[PDB]
Amino acid sequence: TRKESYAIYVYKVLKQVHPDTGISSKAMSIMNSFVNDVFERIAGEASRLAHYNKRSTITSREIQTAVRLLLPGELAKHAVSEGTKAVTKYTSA
Amino acid sequence: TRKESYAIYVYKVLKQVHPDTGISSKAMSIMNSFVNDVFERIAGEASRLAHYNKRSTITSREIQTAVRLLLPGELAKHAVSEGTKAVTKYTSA
Amino acid sequence: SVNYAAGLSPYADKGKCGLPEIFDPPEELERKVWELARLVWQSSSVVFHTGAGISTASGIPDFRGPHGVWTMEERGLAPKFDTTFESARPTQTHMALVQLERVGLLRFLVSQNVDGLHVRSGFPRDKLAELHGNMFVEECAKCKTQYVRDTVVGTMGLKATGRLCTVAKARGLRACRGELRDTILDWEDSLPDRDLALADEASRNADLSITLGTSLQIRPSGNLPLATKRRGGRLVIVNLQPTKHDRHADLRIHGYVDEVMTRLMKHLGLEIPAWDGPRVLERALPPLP
Amino acid sequence: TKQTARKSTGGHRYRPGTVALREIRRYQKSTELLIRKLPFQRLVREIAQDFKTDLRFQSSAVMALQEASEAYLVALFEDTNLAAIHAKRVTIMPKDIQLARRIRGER
Amino acid sequence: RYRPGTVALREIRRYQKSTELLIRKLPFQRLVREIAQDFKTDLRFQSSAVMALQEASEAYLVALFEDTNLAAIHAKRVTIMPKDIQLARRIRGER
Amino acid sequence: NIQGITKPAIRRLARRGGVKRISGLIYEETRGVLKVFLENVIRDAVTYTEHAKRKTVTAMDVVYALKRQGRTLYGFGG
Amino acid sequence: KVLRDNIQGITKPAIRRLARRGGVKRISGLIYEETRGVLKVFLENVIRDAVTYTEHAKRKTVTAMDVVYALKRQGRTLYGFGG
Amino acid sequence: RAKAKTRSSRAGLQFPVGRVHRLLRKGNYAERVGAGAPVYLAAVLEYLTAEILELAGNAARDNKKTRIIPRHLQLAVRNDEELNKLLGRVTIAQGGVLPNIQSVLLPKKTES
Amino acid sequence: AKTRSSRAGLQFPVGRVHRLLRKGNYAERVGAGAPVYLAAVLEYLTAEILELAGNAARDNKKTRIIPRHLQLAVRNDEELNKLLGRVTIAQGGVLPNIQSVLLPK
DNA sequence: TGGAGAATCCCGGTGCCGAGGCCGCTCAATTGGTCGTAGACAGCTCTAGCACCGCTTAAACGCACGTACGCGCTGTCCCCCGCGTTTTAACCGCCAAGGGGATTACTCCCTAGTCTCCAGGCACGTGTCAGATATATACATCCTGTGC
DNA sequence: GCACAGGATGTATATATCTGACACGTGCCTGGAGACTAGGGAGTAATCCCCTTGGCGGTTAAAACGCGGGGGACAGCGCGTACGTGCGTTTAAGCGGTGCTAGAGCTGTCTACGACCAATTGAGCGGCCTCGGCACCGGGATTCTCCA
Ligand SMILES: *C1O[C@@H]2[C@H](O)[C@@H](COP(=O)(O)OP(=O)(O)OC[C@H]3O[C@@H](n4cnc5c(N)ncnc54)[C@H](O)[C@@H]3O)O[C@@H]2S1
Ligand SMILES: [Zn+2]
């Protein structure tokens with residue numbers, strides 16, 4: 001069966017930030033594993049946050065708190081800011 | 001309020017193993033927290049194991065594998081033995 | 001027959017190597033053993049003390065005597081040995097004591113030797129107090145249990161002998177696993193609490209205790225027969241060398257322990273069993289008529 | 001010491017080093033927390049001040065913080081002592097703590 | 001000839017600048033198969049499996065040796081000894 | 001307010017650890033290490049509290065902070 | 001088929017290369033046996049975990065994901081093999 | 001309905017089987033939970049707690065006491081290697097530390 | 001546009017993120033705003049790491065990115081290192097550095 | 001200070017396997033609509049966090065003195081390191097067999113979801129017993145006086 | 001000087017008194033057990049072929065061994081001073097009272113929202129081909145070692 005990987009969107013980000021650089025298959029696999037791991041960390045922490053307060057829904061608040069608990073200072077601030085911007089631009093339209 | 005704890009079962013085990021010995025309140029809280037932590041660890045490992053093999057359920061097999069992965073030394077061997085005896089007796093009933 | 005002189009520690013303040021091996025005239029020794037027999041045959045609470053002189057007849061050298069290991073290590077360097085604990089043949093005195101216990105006359109026994117020939121002779125372990133210890137015994141570090149083995153553990157200073165405990169707890173739990181440390185006290189080491197307490201109780205209850213094959217220079221071990229006569233009771237110090245408590249001695253001998261004990265049993269009409277291998281026994285055997 | 005004695009033959013200012021051994025034996029057999037609760041609680045309040053003002057602390061919360069910090073510092077000092085012994089010394093210095101943390105991964 | 005010690009730094013720089021797998025592949029695979037014989041008999045490792053095992057082992061050993069060098073240098077030395085490895089493994093909770 | 005951890009307190013902590021002598025410059029380093037540890041644990045606990053919309057730092061919040069930092073603490077329930 | 005004492009395959013120059021990667025300028029002679037033992041212990045741990053995963057999965061081949069999962073469990077997450 | 005014999009009694013455990021079943025179901029660990037998982041998990045937890053409690057009671061009896069306290073649990077844990085490994089990251093509150101004095105720290109006897 | 005990812009200012013797959021969250025056995029319900037946030041955070045972190053790796057590549061006279069570049073980018077940035085302390089990048093190597101005393105004097 | 005070299009940075013030529021683009025499409029993302037409930041919001045209260053006081057007093061703080069330790073210098077020796085020749089086995093290139101992983105149907109047994117009944121487990125009330133501190137008492141050993 | 005005997009130090013045992021936590025008892029209720037059904041998760045058997053194991057053979061890169069010298073590991077010794085210990089003076093921690101109220105927890109009500117479903121379509125994946133980045137190779141110029 002066909003497998004799922006984040007290769008395409010990693011390519012999109014790479015071209016957006018470095019429009020004249022490539023990436024080797026090994027680096028693509030490393031990035032795929034890293035994205036999987038970071039997503040798993042954030043989602044698991046969000047689920048733990050929800051379970052602690054007896055909630056039953058992993059809402060954006062849970063994700064924001066999880067990303068604040070996981071990433072360090074500057075990384076956490078930038079990630080939370082980008083998440084809020086994304087949600088604002090989404091629900092607005 | 002309605003609080004949930006394993007205090008009664010822990011005391012039952014203690015009086016089963018040490019016919020004449022008490023256990024302080026703080027000691028009981030420590031034991032209950034230990035049981036909670038071990039339960040969470042085994043359950044999480046069993047869940048990840050069920051997810052890796054693309055199965056959607058948790059069974060005696062997955063709990064056995066989680067116990068093997070987590071507990072070291074003779075601890076794992078004897079825990080597996082007790083779990084197997086328990087499940088075989090239960091199934092026989 | 002490994003020596004517990006360098007094994008114990010380099011520090012050795014014995015200060016005793018000139019030991020004139022006084023021997024008694026045969027007639028005087030006969031009279032002294034006669035009076036000791038007269039006293040003991042009626043004395044009810046009788047507890048003995050065997051030192052490192054009984055096994056000298058076996059073959060393992062003593063410590064202070066002219067052939068003492070410490071004495072030789074002091075004056076020059078010439079440690080001579082003949083036998084081994086594994087091949088150590090019990091002396092007739094061990095079987096004599098075993099019989100005395102069997103008939104119930106010997107209330108107790110508190111030895112300070114280390115070969116454990118008393119244990120190997122079948123003396124009820126519940127009746128002895130191996131104060132300094134015993135090679136053939138390793139004690140667990142967790143459950144404080146004992147294991148009378150058949151081959152020397154081979155360690156000194158209360159250290160690991162390379163075996164883990166094998167006593168099984170109930171409820172299918174993990175068996176206790178402790179180092180099974182050795183039992184021989186290094187200089188400046190405490191005594192086994194249970195054995196020492198039992199020895200103290202026995203010695204205090206002893207209205208007549210006789211101390212053999214020991215110079216009694218050593219800690220407590222040589223002090224038990226002081227408290228045997230304090231608060232009443234008579235002390236018989238049967239040894240060749242001048243003991244550290246002759247001035248307090250209520251009796252004395254200058255002769256071979258084997259010979260004096262043989263004369264004692266002859267006067268009593270008593271016989272002696274004839275050694276064995278490691279025929280170890282623990283429960284106190286029933287008293288005999 | 002009723003009739004009990006070590007293995008032997010028979011027969012003011014403490015030497016600097018023995019009182020510390022007695023102290024070690026004393027504190028390694030006890031369990032009570034080894035920091036004054038009031039100053040430590042004030043410290044926790046001051047530390048949490050920089051994050052969220054007017055923050056009320058449960059008594060059990062401060063106790064849990066104290067237990068955690070005490071255990072962490074005890075372990076750190078154990079490792080620092082091990083490092084100092086490794087360096088052929090007996091007095092733990094700042095470098096021992098720094099190396100212990102560096103190996104521990106925290107530094 | 002080179003005075004002793006000078007080429008140690010040269011080797012350090014070379015082997016740090018590079019990124020290959022230092023241990024030989026085939027002996028490492030044989031070691032891994034011998035180890036796995038202990039648990040279950042007649043396994044079949046995917047080549048990627050042994051590659052991952054070798055990468056993990058090399059990274060772990062490099063980190064351990066960096067910690068050990070720090071320990072030895074703290075001990076006023078330049079030669080790393082077994083005691084340094086024991087200390088590094090102890091302060092990190094291993095063993 | 002940091003100085004509330006008096007030198008005898010750090011000496012007692014070391015004596016529990018196993019130390020026999022303490023260099024005079026240790027105390028400042030120990031205070032700094034304590035400050036760093038408490039800062040991290042308190043930040044995690046305060047984040048947990050702020051999420052739950054509580055003005056009080058519950059004990060379970062500190063327990064969860066410790067569990068997150070891999071220092072699971074028993075005896076306080078959870 | 002029954003491999004024996006292949007730990008010797010980790011030779012002195014290989015361990016020396018590994019140490020040089022870590023910034024070491026000089027290596028005592030006794031370091032080599034110690035390093036072989038340490039690597040053996042680490043491999044025992046990882047292979048035990050991987051074999052556990054594989055045997056649970058009803059397979060007979062130690063897929064790379066088995067080793068990656070074992071390393072993730074041991075707090076040594078590895079990137080570049082999936083997961 | 002017939003007499004309600006709880007699952008634990010049939011299995012023979014002392015811990016609750018139904019309680020752990022509900023914890024697994026509501027814990028969000030899998031879309032469904034087997035019929036044997038709760039029994040095995042309860043048995044494992046009961047065995048682990050039995051081990052800790054038995055060792056703690058051993059420590060208490062060896063300390064001339066009859067009320068297990070956090071100190072007894074700490075001693076029962078850190079003195080057994082497997083449990084120390086399993087409980088490596090815990091800090092049992094009010095447990096103190098094991099009485100460890102490094103040999104180099106001890107004084108040198110054989111004076112006089 | 002039609003796709004959630006397009007409606008947001010993202011490039012990561014919002015639909016895939018939501019599907020993984022729903023099927024990942026994390027909670028009974030998953031907020032409709034969660035996937036946007038999680039995808040945005042993943043995109044930001046990938047952008048940061050790739051930016052650093054590309055900078056390293058450019059400083060290394062290479063027109064592409066290779067695991068070594070990712071390793072250098074991760075370890076040479078303190079925040080990412082703390083986030084990525086317990087990771088090892090296969091074929092990544094080790095950051096070049098030597099002790100301050102082993103240098104010649 | 002200076003001078004010869006091993007190893008290293010760097011310029012030019014370049015061709016293969018891997019990066020990169022094309023494209024059909026088929027399963028997954030998207031739109032719209034329905035329905036139950038999980039959570040938003042508002043209230044009430046009364047638990048417990050907070051603040052303050054006065055008295056005890058355990059512990060903190062300042063200093064003084066000395067020795068035990070840290071530190072540094074100097075002198076073996078011995079134990080690595082560097083280099084050169086032997087040799088040992090990795091490395092690569094290719095080829096074969098077949099196990100075992102991967103996908104596919106049929107299905108059947110097991111677990112989700114309900115509902116009813118009710119004893120197990122909780123909150124509270126109560127009695128009391130283990131543990132802490134203080135008192136007295138019996139016996140070993142150490143210090144000192146008297147007699148041998 | 002050693003020993004006998006008494007005074008003193010220090011220890012373990014029997015005992016008393018007290019207190020707050022711990023064990024048992026009780027009613028109350030709701031979460032668990034019994035009986036039931038429906039459908040889909042995953043057994044199980046069959047099939048296919050990808051990839052692992054195994055082998056061989058040649059060149060040959062790295063390991064192995066030996067040998068010499070020189071660097072530093074390690075021991076010892078000597079000097080300064082920093083820490084340990086002790087004592088007396090301070091000070092603020094501990095404890096027990098009250099007195100207040102912020103807000104933690106529970107409840108009640110309702111609606112906004114996620115699950116689900118049907119029907120639609122489009123974009124991300126497998127396989128297709130094309131083009132070039134840099135590993136590799138030739139030599140030219142350069143930087144710390146070592147020697148002098
Ligand atoms: C640690 O353990 C050791 C052990 O417990 C004893 C060993 O010496 P002791 O038994 O205390 O004294 P010891 O030197 O045996 O004094 C008895 C004297 O008897 C002499 N002796 C040899 N053979 C004898 C026979 N057959 N009959 C009488 N006396 C005999 C000995 O030579 C010695 O003088 O204490 C240490 S410390
Ligand atoms: Zn035992």
# chains A, B, ... in the order shown; residues from 1 in each chain; ligands from 1
>>> residues_around(residues="stretch 44-61 of chain G", least_positions_apart="4", cutoff="7 Å", atoms="only C-alpha atoms (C1' of nucleotides)", output="MDAnalysis selection string")
(chainID B and resid 53 65 69) or (chainID E and resid 35:36 39 43:46) or (chainID G and resid 40 66:67 70:71)
>>> write_last_selection(atoms="N, CA, C and O atoms", output="PDB file, in the first residue's frame")
ATOM      1  N   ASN B  53       1.295  -2.323  15.558  1.00  0.00           N
ATOM      2  CA  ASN B  53       0.832  -3.450  14.761  1.00  0.00           C
ATOM      3  C   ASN B  53      -0.510  -3.184  14.093  1.00  0.00           C
ATOM      4  O   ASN B  53      -1.168  -4.128  13.645  1.00  0.00           O
ATOM      5  N   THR B  65       3.393  -7.929  26.736  1.00  0.00           N
ATOM      6  CA  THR B  65       4.548  -7.328  26.078  1.00  0.00           C
ATOM      7  C   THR B  65       4.954  -6.026  26.761  1.00  0.00           C
ATOM      8  O   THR B  65       6.147  -5.730  26.885  1.00  0.00           O
ATOM      9  N   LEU B  69       8.545  -5.217  28.434  1.00  0.00           N
ATOM     10  CA  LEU B  69       9.353  -4.063  28.054  1.00  0.00           C
ATOM     11  C   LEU B  69       9.722  -3.216  29.264  1.00  0.00           C
ATOM     12  O   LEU B  69      10.835  -2.684  29.336  1.00  0.00           O
TER      13      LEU B  69
ATOM     14  N   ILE E  35      24.803 -11.200  19.475  1.00  0.00           N
ATOM     15  CA  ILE E  35      24.032 -10.718  20.618  1.00  0.00           C
ATOM     16  C   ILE E  35      22.589 -11.190  20.515  1.00  0.00           C
ATOM     17  O   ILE E  35      22.026 -11.742  21.468  1.00  0.00           O
ATOM     18  N   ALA E  36      21.972 -10.994  19.350  1.00  0.00           N
ATOM     19  CA  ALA E  36      20.573 -11.356  19.177  1.00  0.00           C
ATOM     20  C   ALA E  36      20.349 -12.854  19.277  1.00  0.00           C
ATOM     21  O   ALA E  36      19.232 -13.282  19.582  1.00  0.00           O
ATOM     22  N   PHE E  39      18.633 -13.907  22.699  1.00  0.00           N
ATOM     23  CA  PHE E  39      17.230 -13.728  23.058  1.00  0.00           C
ATOM     24  C   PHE E  39      16.329 -14.698  22.302  1.00  0.00           C
ATOM     25  O   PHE E  39      15.660 -15.542  22.908  1.00  0.00           O
ATOM     26  N   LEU E  43      16.946 -15.117  13.935  1.00  0.00           N
ATOM     27  CA  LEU E  43      16.321 -13.878  13.506  1.00  0.00           C
ATOM     28  C   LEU E  43      16.778 -13.536  12.092  1.00  0.00           C
ATOM     29  O   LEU E  43      17.593 -14.235  11.488  1.00  0.00           O
ATOM     30  N   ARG E  44      16.245 -12.440  11.551  1.00  0.00           N
ATOM     31  CA  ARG E  44      16.615 -11.991  10.207  1.00  0.00           C
ATOM     32  C   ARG E  44      16.574 -10.462  10.210  1.00  0.00           C
ATOM     33  O   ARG E  44      15.518  -9.856  10.021  1.00  0.00           O
ATOM     34  N   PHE E  45      17.735  -9.854  10.417  1.00  0.00           N
ATOM     35  CA  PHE E  45      17.829  -8.404  10.486  1.00  0.00           C
ATOM     36  C   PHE E  45      17.797  -7.796   9.094  1.00  0.00           C
ATOM     37  O   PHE E  45      18.564  -8.197   8.214  1.00  0.00           O
ATOM     38  N   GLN E  46      16.914  -6.823   8.897  1.00  0.00           N
ATOM     39  CA  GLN E  46      16.979  -5.994   7.707  1.00  0.00           C
ATOM     40  C   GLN E  46      18.259  -5.174   7.735  1.00  0.00           C
ATOM     41  O   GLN E  46      18.675  -4.688   8.788  1.00  0.00           O
TER      42      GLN E  46
ATOM     43  N   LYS G  40      29.001  -3.628  24.437  1.00  0.00           N
ATOM     44  CA  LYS G  40      28.269  -4.883  24.533  1.00  0.00           C
ATOM     45  C   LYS G  40      27.011  -4.715  25.369  1.00  0.00           C
ATOM     46  O   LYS G  40      25.948  -5.223  25.006  1.00  0.00           O
ATOM     47  N   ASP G  66      11.656  -1.695  14.372  1.00  0.00           N
ATOM     48  CA  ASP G  66      11.816  -2.306  15.686  1.00  0.00           C
ATOM     49  C   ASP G  66      12.952  -1.644  16.453  1.00  0.00           C
ATOM     50  O   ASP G  66      12.801  -1.277  17.626  1.00  0.00           O
ATOM     51  N   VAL G  67      14.098  -1.467  15.798  1.00  0.00           N
ATOM     52  CA  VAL G  67      15.237  -0.842  16.459  1.00  0.00           C
ATOM     53  C   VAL G  67      14.942   0.620  16.759  1.00  0.00           C
ATOM     54  O   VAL G  67      15.325   1.138  17.815  1.00  0.00           O
ATOM     55  N   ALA G  70      12.783   0.698  19.800  1.00  0.00           N
ATOM     56  CA  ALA G  70      13.556   0.383  20.996  1.00  0.00           C
ATOM     57  C   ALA G  70      14.377   1.585  21.444  1.00  0.00           C
ATOM     58  O   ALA G  70      14.404   1.933  22.632  1.00  0.00           O
ATOM     59  N   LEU G  71      15.048   2.245  20.498  1.00  0.00           N
ATOM     60  CA  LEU G  71      15.854   3.409  20.845  1.00  0.00           C
ATOM     61  C   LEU G  71      14.986   4.542  21.374  1.00  0.00           C
ATOM     62  O   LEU G  71      15.375   5.244  22.315  1.00  0.00           O
TER      63      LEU G  71
END
>>> interface_residues(of="chain K", to="chain F", cutoff="9 Å", atoms="only C-alpha atoms (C1' of nucleotides)", output="PyMOL selection string")
chain K and resi 82-84+103-104
>>> write_last_selection(atoms="N, CA and C atoms (P, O5', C5', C4', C3', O3' and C1' of nucleotides)", output="PDB file, in the first residue's frame")
ATOM      1  P    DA K  82      42.809  31.146  52.432  1.00  0.00           P
ATOM      2  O5'  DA K  82      41.814  29.929  52.136  1.00  0.00           O
ATOM      3  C5'  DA K  82      42.328  28.606  52.023  1.00  0.00           C
ATOM      4  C4'  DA K  82      41.279  27.572  52.393  1.00  0.00           C
ATOM      5  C3'  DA K  82      39.897  28.116  52.661  1.00  0.00           C
ATOM      6  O3'  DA K  82      38.933  27.097  52.424  1.00  0.00           O
ATOM      7  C1'  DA K  82      40.920  27.460  54.724  1.00  0.00           C
ATOM      8  P    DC K  83      37.369  27.342  52.679  1.00  0.00           P
ATOM      9  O5'  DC K  83      36.980  26.155  53.674  1.00  0.00           O
ATOM     10  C5'  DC K  83      37.466  24.845  53.418  1.00  0.00           C
ATOM     11  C4'  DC K  83      37.455  23.996  54.677  1.00  0.00           C
ATOM     12  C3'  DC K  83      36.137  23.992  55.434  1.00  0.00           C
ATOM     13  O3'  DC K  83      35.836  22.678  55.860  1.00  0.00           O
ATOM     14  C1'  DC K  83      37.873  24.813  56.855  1.00  0.00           C
ATOM     15  P    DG K  84      34.495  22.367  56.679  1.00  0.00           P
ATOM     16  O5'  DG K  84      35.042  21.978  58.124  1.00  0.00           O
ATOM     17  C5'  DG K  84      36.266  21.281  58.232  1.00  0.00           C
ATOM     18  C4'  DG K  84      36.439  20.701  59.618  1.00  0.00           C
ATOM     19  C3'  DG K  84      35.149  20.430  60.362  1.00  0.00           C
ATOM     20  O3'  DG K  84      35.330  19.392  61.305  1.00  0.00           O
ATOM     21  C1'  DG K  84      36.253  22.323  61.302  1.00  0.00           C
ATOM     22  P    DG K 103      -9.053  35.391  43.783  1.00  0.00           P
ATOM     23  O5'  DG K 103      -9.653  33.910  43.813  1.00  0.00           O
ATOM     24  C5'  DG K 103      -8.965  32.882  44.512  1.00  0.00           C
ATOM     25  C4'  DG K 103      -9.817  31.632  44.610  1.00  0.00           C
ATOM     26  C3'  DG K 103     -10.574  31.270  43.333  1.00  0.00           C
ATOM     27  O3'  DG K 103     -10.635  29.858  43.162  1.00  0.00           O
ATOM     28  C1'  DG K 103     -12.110  31.541  45.064  1.00  0.00           C
ATOM     29  P    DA K 104      -9.371  29.023  42.628  1.00  0.00           P
ATOM     30  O5'  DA K 104      -9.624  27.556  43.210  1.00  0.00           O
ATOM     31  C5'  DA K 104      -9.697  27.360  44.618  1.00  0.00           C
ATOM     32  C4'  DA K 104     -10.253  25.988  44.968  1.00  0.00           C
ATOM     33  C3'  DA K 104     -10.482  25.054  43.799  1.00  0.00           C
ATOM     34  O3'  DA K 104     -10.412  23.697  44.228  1.00  0.00           O
ATOM     35  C1'  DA K 104     -12.570  25.954  44.592  1.00  0.00           C
TER      36       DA K 104
END
>>> residues_near_ligand(ligand="ligand 1", cutoff="7 Å", atoms="only C-alpha atoms (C1' of nucleotides) and all ligand atoms", output="PyMOL selection string")
(chain C and resi 50-54+56-57+62-66+68+112-114+132+185+212-218+222+238-241+255-258) or (chain D and resi 7)
>>> write_last_selection(atoms="N, CA, C and O atoms", output="short mmCIF file (atom, residue, chain, number, x, y, z; two decimals), in the first residue's frame")
data_model
loop_
_atom_site.label_atom_id
_atom_site.label_comp_id
_atom_site.auth_asym_id
_atom_site.auth_seq_id
_atom_site.Cartn_x
_atom_site.Cartn_y
_atom_site.Cartn_z
N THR C 50 35.38 -23.41 74.32
CA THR C 50 36.47 -24.02 73.58
C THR C 50 37.21 -22.95 72.79
O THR C 50 36.59 -22.19 72.03
N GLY C 51 38.53 -22.90 72.97
CA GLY C 51 39.38 -21.97 72.26
C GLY C 51 40.22 -22.66 71.20
O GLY C 51 40.01 -23.83 70.85
N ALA C 52 41.20 -21.92 70.70
CA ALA C 52 42.08 -22.44 69.66
C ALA C 52 43.20 -23.28 70.26
O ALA C 52 44.37 -23.08 69.95
N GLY C 53 42.84 -24.22 71.13
CA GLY C 53 43.78 -25.20 71.63
C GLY C 53 43.26 -26.61 71.40
O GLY C 53 44.04 -27.56 71.29
N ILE C 54 41.94 -26.74 71.32
CA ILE C 54 41.34 -28.04 71.05
C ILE C 54 41.75 -28.54 69.68
O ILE C 54 42.14 -29.70 69.51
N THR C 56 44.31 -27.75 68.01
CA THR C 56 45.74 -27.98 67.88
C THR C 56 46.04 -29.47 67.78
O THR C 56 46.88 -29.90 66.98
N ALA C 57 45.37 -30.28 68.60
CA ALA C 57 45.47 -31.72 68.46
C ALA C 57 44.98 -32.18 67.09
O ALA C 57 45.56 -33.10 66.50
N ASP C 62 47.71 -23.37 67.00
CA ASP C 62 47.12 -22.36 67.87
C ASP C 62 47.67 -20.99 67.48
O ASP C 62 48.32 -20.83 66.44
N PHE C 63 47.42 -19.98 68.31
CA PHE C 63 47.73 -18.60 67.99
C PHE C 63 48.83 -18.01 68.86
O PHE C 63 49.76 -17.38 68.34
N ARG C 64 48.76 -18.20 70.18
CA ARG C 64 49.72 -17.59 71.10
C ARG C 64 50.84 -18.53 71.52
O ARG C 64 51.93 -18.05 71.86
N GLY C 65 50.61 -19.84 71.51
CA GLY C 65 51.58 -20.79 72.02
C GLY C 65 52.92 -20.67 71.33
O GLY C 65 53.10 -19.90 70.39
N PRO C 66 53.90 -21.45 71.79
CA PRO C 66 55.23 -21.40 71.16
C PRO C 66 55.17 -21.65 69.67
O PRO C 66 55.90 -21.00 68.90
N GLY C 68 52.53 -20.90 68.06
CA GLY C 68 51.44 -20.04 67.62
C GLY C 68 51.78 -19.34 66.33
O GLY C 68 52.92 -18.95 66.08
N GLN C 112 35.14 -20.03 70.72
CA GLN C 112 35.69 -18.90 69.99
C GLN C 112 36.61 -19.34 68.85
O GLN C 112 37.19 -18.48 68.18
N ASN C 113 36.73 -20.64 68.61
CA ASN C 113 37.53 -21.11 67.49
C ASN C 113 36.87 -20.68 66.18
O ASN C 113 35.80 -20.06 66.16
N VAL C 114 37.51 -21.02 65.07
CA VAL C 114 37.01 -20.62 63.75
C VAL C 114 36.82 -21.79 62.81
O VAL C 114 36.07 -21.67 61.82
N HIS C 132 33.20 -15.53 67.28
CA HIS C 132 34.02 -14.97 66.22
C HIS C 132 33.52 -15.37 64.84
O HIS C 132 33.63 -14.57 63.90
N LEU C 185 35.16 -12.28 62.54
CA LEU C 185 35.25 -10.89 62.97
C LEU C 185 36.67 -10.37 62.81
O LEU C 185 37.62 -10.95 63.36
N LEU C 212 38.23 -24.07 78.01
CA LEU C 212 39.30 -24.91 77.48
C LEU C 212 39.98 -24.23 76.30
O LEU C 212 39.41 -23.35 75.65
N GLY C 213 41.21 -24.66 76.04
CA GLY C 213 41.94 -24.30 74.84
C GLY C 213 41.92 -22.83 74.47
O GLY C 213 42.10 -22.48 73.30
N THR C 214 41.73 -21.95 75.45
CA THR C 214 41.75 -20.51 75.20
C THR C 214 42.64 -19.84 76.23
O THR C 214 42.67 -20.23 77.40
N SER C 215 43.39 -18.83 75.78
CA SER C 215 44.13 -17.97 76.69
C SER C 215 43.25 -16.88 77.29
O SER C 215 43.68 -16.20 78.23
N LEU C 216 42.04 -16.69 76.77
CA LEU C 216 41.06 -15.74 77.27
C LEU C 216 41.55 -14.30 77.20
O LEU C 216 40.91 -13.40 77.76
N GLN C 217 42.66 -14.05 76.51
CA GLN C 217 43.12 -12.68 76.31
C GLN C 217 42.13 -11.86 75.50
O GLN C 217 42.10 -10.63 75.63
N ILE C 218 41.30 -12.51 74.69
CA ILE C 218 40.50 -11.83 73.67
C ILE C 218 39.24 -11.23 74.28
O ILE C 218 38.89 -11.50 75.43
N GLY C 222 36.82 -14.29 76.33
CA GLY C 222 37.56 -14.61 77.53
C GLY C 222 36.97 -14.02 78.80
O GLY C 222 37.44 -14.31 79.90
N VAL C 238 41.06 -24.63 82.31
CA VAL C 238 41.90 -25.75 81.91
C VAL C 238 42.70 -25.31 80.70
O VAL C 238 42.18 -25.27 79.58
N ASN C 239 43.97 -24.97 80.91
CA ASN C 239 44.82 -24.54 79.81
C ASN C 239 46.28 -24.70 80.22
O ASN C 239 46.61 -24.74 81.40
N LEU C 240 47.14 -24.80 79.21
CA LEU C 240 48.58 -24.90 79.45
C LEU C 240 49.17 -23.55 79.84
O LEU C 240 49.79 -23.41 80.89
N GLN C 241 48.99 -22.54 78.98
CA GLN C 241 49.59 -21.24 79.23
C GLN C 241 48.94 -20.57 80.44
O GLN C 241 47.81 -20.88 80.81
N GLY C 255 48.00 -29.35 81.48
CA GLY C 255 48.03 -30.63 80.80
C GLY C 255 47.24 -30.56 79.51
O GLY C 255 46.59 -29.56 79.19
N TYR C 256 47.33 -31.65 78.75
CA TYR C 256 46.65 -31.74 77.47
C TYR C 256 45.14 -31.76 77.67
O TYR C 256 44.63 -32.48 78.54
N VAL C 257 44.43 -30.96 76.87
CA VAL C 257 42.98 -30.91 77.00
C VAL C 257 42.38 -32.28 76.70
O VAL C 257 41.47 -32.75 77.40
N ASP C 258 42.88 -32.94 75.66
CA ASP C 258 42.37 -34.26 75.31
C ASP C 258 42.53 -35.22 76.49
O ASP C 258 41.58 -35.92 76.87
N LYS D 7 36.24 -6.61 68.10
CA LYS D 7 37.34 -7.58 68.12
C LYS D 7 38.60 -6.80 68.53
O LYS D 7 39.04 -5.90 67.82
#
>>> residues_around(residues="stretch 94-100 of chain K", least_positions_apart="2", cutoff="12 Å", atoms="only C-alpha atoms (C1' of nucleotides)", output="count of residues only")
17
>>> interface_residues(of="chain A", to="chain K", cutoff="12 Å", atoms="only C-alpha atoms (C1' of nucleotides)", output="PyMOL selection string")
chain A and resi 1-9+21-24+56-59
